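> My questions will all concern the structure given below.
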Protein chains: 2
Amino acid sequence: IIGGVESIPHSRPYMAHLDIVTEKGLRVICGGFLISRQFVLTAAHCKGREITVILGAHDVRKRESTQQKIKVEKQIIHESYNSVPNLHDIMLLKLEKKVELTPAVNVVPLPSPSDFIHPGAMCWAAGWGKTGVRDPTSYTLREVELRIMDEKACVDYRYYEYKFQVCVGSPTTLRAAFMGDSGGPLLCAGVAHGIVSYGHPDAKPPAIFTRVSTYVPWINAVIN
Amino acid sequence: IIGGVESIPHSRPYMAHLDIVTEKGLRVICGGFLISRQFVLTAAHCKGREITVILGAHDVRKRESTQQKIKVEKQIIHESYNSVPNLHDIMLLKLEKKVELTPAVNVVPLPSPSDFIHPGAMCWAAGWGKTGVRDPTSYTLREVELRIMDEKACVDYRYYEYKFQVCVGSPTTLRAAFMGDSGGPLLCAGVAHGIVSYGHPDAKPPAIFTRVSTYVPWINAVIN
């Protein structure tokens, strides 16, 4: 997270820190969010060989008595995730067990498929990702308040796809999600409306977030 | 380390685990070895923006009683280290503090400048690097027994420069130091004869270690 603040420990109890081993045996991180006692949402680009999910954390370098460390049974990738347009960057993780729902480890609400988030809202993104374009990932959870943009802010001024994707972040501040933040939530009035997906190599706003609203029907179909 | 075993915990008190922030804000590892209370030996390729040395470790993901975490003040890379021949791949770390010498944290002898290692000596290499070509780095120290080769084994069968470099490992075994083991000791007869420098991308033996003997007169002029 670029430009933001240290979170209050345990105040975002849905937050999932992902330890991923990639196919070529690289340890990589991603974020994610707990939406049921068994399912973590994250970004399909956070695919690996093996994933361990750490829940209940603040500082993942420390062996905090709230933490719950579970392995992933399944990685369920959106069946239309192309890996060039970056489109449909959403994945469900099935956990090996159910979590114990506790004050420090609990679920986040998802929208209704009718809920769309407007341009001009100010939302919160959180993660253990890089705090700079050349600064390393964070061992403690960080947070940043970001503004939902118009489609014009990412289209004719870049890239996109609006039904599926949110355009987030005003080029008037270096506030961003970055590397290692991926698959983290975007919260808007406490609801998971976005997933950190991608942006500019230089972290310059705006960035692209998957639009949770759209995929709620996919999410329910797989989970149920 | 590929094809080795866990070490017995704390049994190699010279061993340093290096935690490196690269100039692009990436966290990498290397190995290294304690030669005096203020200086650690390692590879020149293990250069970074910022180096944290952990002594007294076995499992670097636990906060073990024996550990001393110290920052590096200076990185002194050999004055003729090029970055194509990969020659002169040796670096001194000047520590911020002097270390406290304990049962778990103490120094390894250096050869005398007249002490060459022969072809056919049996030596030990230790590290926290990858345990296979596609397998992740190791959280606990591993070690492997390696066989010092004749020049022929790395020249007409590949690469080399004999005065400054050792060929290590028979093509009879897949035993190897790999990614993350860089900058670790090659122990022959009590004494640190080698530093893990480089090899083949398949990690197929033989590999190349810096010949410590040759660099002693440099080491003493820098430290002393």
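Scheme for the structure tokens: letters A, B, ... for chains in order shown; per-chain residue numbers from 1; ligand numbers from 1 in order shown.
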For a quick test of understanding: name the residues of chain B lying within 12 Å of chain A when counting only C-alpha atoms, and present them as an NGL selection string.
:B and (19-29 or 49-50 or 60-63 or 129-139 or 179-180)
> Would you mind exporting N, CA, C and O atoms of the selected residues as a CSV table (one decimal), in the first residue's frame?

chain,number,residue,atom,x,y,z
B,19,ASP,N,19.2,-11.2,4.9
B,19,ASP,CA,18.0,-10.6,4.4
B,19,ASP,C,18.1,-9.3,3.8
B,19,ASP,O,18.6,-8.3,4.3
B,20,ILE,N,18.0,-9.4,2.5
B,20,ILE,CA,18.4,-8.3,1.5
B,20,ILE,C,17.3,-7.6,0.9
B,20,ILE,O,16.4,-8.3,0.3
B,21,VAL,N,17.3,-6.3,1.0
B,21,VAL,CA,16.4,-5.4,0.2
B,21,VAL,C,17.3,-4.9,-1.0
B,21,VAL,O,18.3,-4.4,-0.8
B,22,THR,N,16.9,-5.4,-2.1
B,22,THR,CA,17.4,-5.0,-3.4
B,22,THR,C,17.0,-3.6,-3.8
B,22,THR,O,16.1,-3.0,-3.1
B,23,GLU,N,17.7,-3.0,-4.7
B,23,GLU,CA,17.5,-1.6,-5.2
B,23,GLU,C,16.1,-1.3,-5.8
B,23,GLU,O,15.6,-0.2,-5.6
B,24,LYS,N,15.4,-2.3,-6.1
B,24,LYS,CA,14.0,-2.3,-6.5
B,24,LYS,C,13.0,-2.8,-5.5
B,24,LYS,O,11.8,-2.7,-5.7
B,25,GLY,N,13.5,-2.9,-4.3
B,25,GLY,CA,12.6,-3.1,-3.2
B,25,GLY,C,12.1,-4.5,-3.1
B,25,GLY,O,11.0,-4.8,-2.6
B,26,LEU,N,12.9,-5.4,-3.5
B,26,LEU,CA,12.7,-6.8,-3.4
B,26,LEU,C,13.5,-7.5,-2.2
B,26,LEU,O,14.6,-7.1,-2.0
B,27,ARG,N,12.9,-8.4,-1.5
B,27,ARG,CA,13.5,-9.1,-0.5
B,27,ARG,C,13.9,-10.5,-1.1
B,27,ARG,O,13.1,-11.3,-1.5
B,28,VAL,N,15.2,-10.7,-1.0
B,28,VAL,CA,16.0,-11.8,-1.4
B,28,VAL,C,16.7,-12.3,-0.2
B,28,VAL,O,16.7,-11.7,0.9
B,29,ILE,N,17.2,-13.6,-0.3
B,29,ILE,CA,18.2,-14.1,0.7
B,29,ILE,C,19.5,-14.5,0.1
B,29,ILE,O,19.7,-14.7,-1.1
B,49,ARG,N,20.3,-2.8,-1.4
B,49,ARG,CA,20.2,-1.5,-0.7
B,49,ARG,C,20.4,-1.6,0.8
B,49,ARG,O,21.1,-0.8,1.3
B,50,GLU,N,19.9,-2.7,1.4
B,50,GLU,CA,19.9,-2.8,2.8
B,50,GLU,C,20.0,-4.3,3.2
B,50,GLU,O,19.3,-5.1,2.7
B,60,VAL,N,14.6,-19.7,10.7
B,60,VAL,CA,14.6,-18.3,10.7
B,60,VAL,C,13.2,-17.7,10.8
B,60,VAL,O,12.9,-16.5,10.7
B,61,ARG,N,12.2,-18.6,11.0
B,61,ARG,CA,10.9,-18.1,11.1
B,61,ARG,C,10.3,-18.2,12.5
B,61,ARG,O,9.4,-17.5,12.8
B,62,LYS,N,11.2,-18.6,13.4
B,62,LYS,CA,11.0,-18.6,14.8
B,62,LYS,C,11.9,-17.7,15.5
B,62,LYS,O,12.9,-17.2,14.9
B,63,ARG,N,11.5,-17.1,16.6
B,63,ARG,CA,12.3,-16.2,17.3
B,63,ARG,C,13.1,-16.9,18.4
B,63,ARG,O,12.4,-17.3,19.4
B,129,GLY,N,18.8,-22.0,1.0
B,129,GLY,CA,18.3,-21.8,-0.4
B,129,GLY,C,17.4,-23.0,-0.8
B,129,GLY,O,16.9,-23.8,0.0
B,130,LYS,N,17.0,-22.9,-2.1
B,130,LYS,CA,16.1,-23.8,-2.7
B,130,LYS,C,16.6,-25.2,-2.6
B,130,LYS,O,17.8,-25.5,-2.7
B,131,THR,N,15.5,-26.1,-2.4
B,131,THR,CA,15.8,-27.5,-2.2
B,131,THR,C,15.5,-28.3,-3.5
B,131,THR,O,15.6,-29.5,-3.5
B,132,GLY,N,15.2,-27.6,-4.5
B,132,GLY,CA,15.1,-28.1,-5.9
B,132,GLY,C,15.0,-27.1,-6.9
B,132,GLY,O,14.8,-25.9,-6.6
B,133,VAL,N,15.1,-27.4,-8.2
B,133,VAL,CA,15.1,-26.4,-9.2
B,133,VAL,C,13.8,-25.6,-9.2
B,133,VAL,O,13.9,-24.4,-9.5
B,134,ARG,N,12.7,-26.2,-8.9
B,134,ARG,CA,11.3,-25.7,-8.8
B,134,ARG,C,10.8,-25.7,-7.4
B,134,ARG,O,9.6,-25.6,-7.1
B,135,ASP,N,11.7,-26.0,-6.4
B,135,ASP,CA,11.2,-26.0,-5.0
B,135,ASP,C,11.7,-24.8,-4.3
B,135,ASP,O,12.7,-24.2,-4.7
B,136,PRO,N,10.9,-24.4,-3.3
B,136,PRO,CA,11.1,-23.1,-2.6
B,136,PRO,C,12.3,-23.1,-1.6
B,136,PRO,O,12.9,-24.2,-1.2
B,137,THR,N,12.7,-22.0,-1.2
B,137,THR,CA,13.8,-21.9,-0.2
B,137,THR,C,13.4,-22.5,1.1
B,137,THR,O,12.2,-22.8,1.3
B,138,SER,N,14.4,-22.8,1.8
B,138,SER,CA,14.2,-23.5,3.0
B,138,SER,C,14.2,-22.6,4.2
B,138,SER,O,15.1,-21.8,4.4
B,139,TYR,N,13.3,-22.8,5.2
B,139,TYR,CA,13.2,-22.0,6.4
B,139,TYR,C,14.2,-22.4,7.5
B,139,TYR,O,14.6,-21.7,8.4
B,179,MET,N,19.9,-21.6,-5.4
B,179,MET,CA,19.4,-20.2,-5.3
B,179,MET,C,19.0,-20.0,-3.8
B,179,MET,O,18.2,-20.7,-3.3
B,180,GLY,N,19.7,-19.0,-3.3
B,180,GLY,CA,19.6,-18.6,-1.9
B,180,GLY,C,20.8,-19.1,-1.0
B,180,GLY,O,20.9,-18.6,0.1
> Just list as an MDAnalysis selection string whatever in range 1-223 of chain A DSSP marks as strand (DSSP E).
chainID A and resid 5:6 15:21 27:34 39:42 50:55 68:77 91:95 122:127 130:132 135:137 142:147 165:168 185:188 191:198 207:211
> Just how far from CA of residue 216 in chain A is CA of residue 119 in chain A, in Å to one decimal?
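Computed distance, CA of residue 119 in chain A to CA of residue 216 in chain A, equals 20.1 Å.
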> Select, from A:163, A:66, A:158, A:220, the residue with the minimum atom-to-atom distance to residue 200 in chain A, counting only C-alpha atoms.
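Nearest candidate to residue 200 in chain A out of A:163, A:66, A:158, A:220: A:158.
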> Which polymer residues have any atom within 12 Å of an atom of residue 127 in chain B, counting only C-alpha atoms, with same-chain residues fewer than 4 positions away left out, as a ChimeraX atom specification?
/B:1-7,12,14-18,29-33,57-60,131,137-144,176-186,195-196
> Using only C-alpha atoms, pick whichever of B:55, B:70, B:192, B:212 has the shortest atom-to-atom distance to residue 103 in chain B.
B:55
> For residue 34 in chain B, work out the shell of residues within 9 Å, counting only C-alpha atoms and skipping chain neighbours fewer than 3 positions away, then give it as an NGL selection string.
:B and (13-16 or 37-41 or 55 or 105-108)
> Work out how far apart CA of residue 194 in chain A and CA of residue 102 in chain A are and give it in Å to one decimal.
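Here the two named atoms are 24.2 Å from each other.
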